[PDB]
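Just the one chain here, laid out as structure tokens, in the form deposited in one PDB entry.
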């Protein structure tokens, strides 16, 4: 089962518009193609075109990404599978906008109806809508860690100092798994507890950014939600499903974890014997998502601007080749 790769192009921002930026990206959602204009002033006709599993153009809204991509993934998680979605792309292209979102100003929407909310809050909101009172006895727990300079910080930890570090070990019970020693896993009892948790998480990250150089662009963010489901069959049997969803917002593609991820992906695509998972914190964490039994999706984010031609091409090639990686989703 191949890793699914989608592309999301953001709209122009104000600074690009003030610089009279030209578009070099055309997205065709129906053909699922992205075509980029590569020849600038010299060669008006040259393009590079790629087919992906889905393509989202500049007008795609947060809700569109959720309906197209996330909903199907979540339903699989609820069936008791493990799934991973990660965002890959240049700093400034919308990785964080996509994975987390933002709050619209003034207080003019609830967090659950905010059009700027991204994948994490919609996912948590939906977990509760989908399972609450639908018979399922169920629990939800969340964690949020960040990797920076191969050190591990805990955004949800009750410790008031964000710099207190985690430690990673192999998990003796799960052959591709790790244990994040010290990681705070918060039980979310109902959706009315969701916002405050995320909010405190974001406030610790804000502090971290004042502490460490180029923090948000160099950091990888790893959000995980685990759903324990217990049901009761008409026969009398008690049956337990456990689903886990990893939501990952990588460092800007433009560095050991980012570097090792590339080497890991390259080794998977070229079927080379040794896959260097152990050489970074990120790839140890993602081992099961990258040639394990976790179902993995990639969202490659790009800018439409001519200025960014080179990184836009690099992102598309990187993402396109990852469509060849096969996982064995199973639970």
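Rigid core: the largest C-alpha set superposing within 1.5 Å between the two forms. Numbering follows the first chain given and starts at 1.
There is another form of the same protein, the form deposited in another entry; it is not shown, and what comes next is about it.
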Legend entry - Residue showing a 2 Å-or-more C-alpha displacement between this form and the one not shown once the rigid core is overlaid, selected from 73, 162, 152, 186: 162
Legend entry - Rigid core superposed: residue 139 CA moves 2 Å or more between this form and the one not shown: no
Legend entry - Per-residue C-alpha change between this form and the one not shown, residue 110, threshold 2 Å, rigid core fit: no
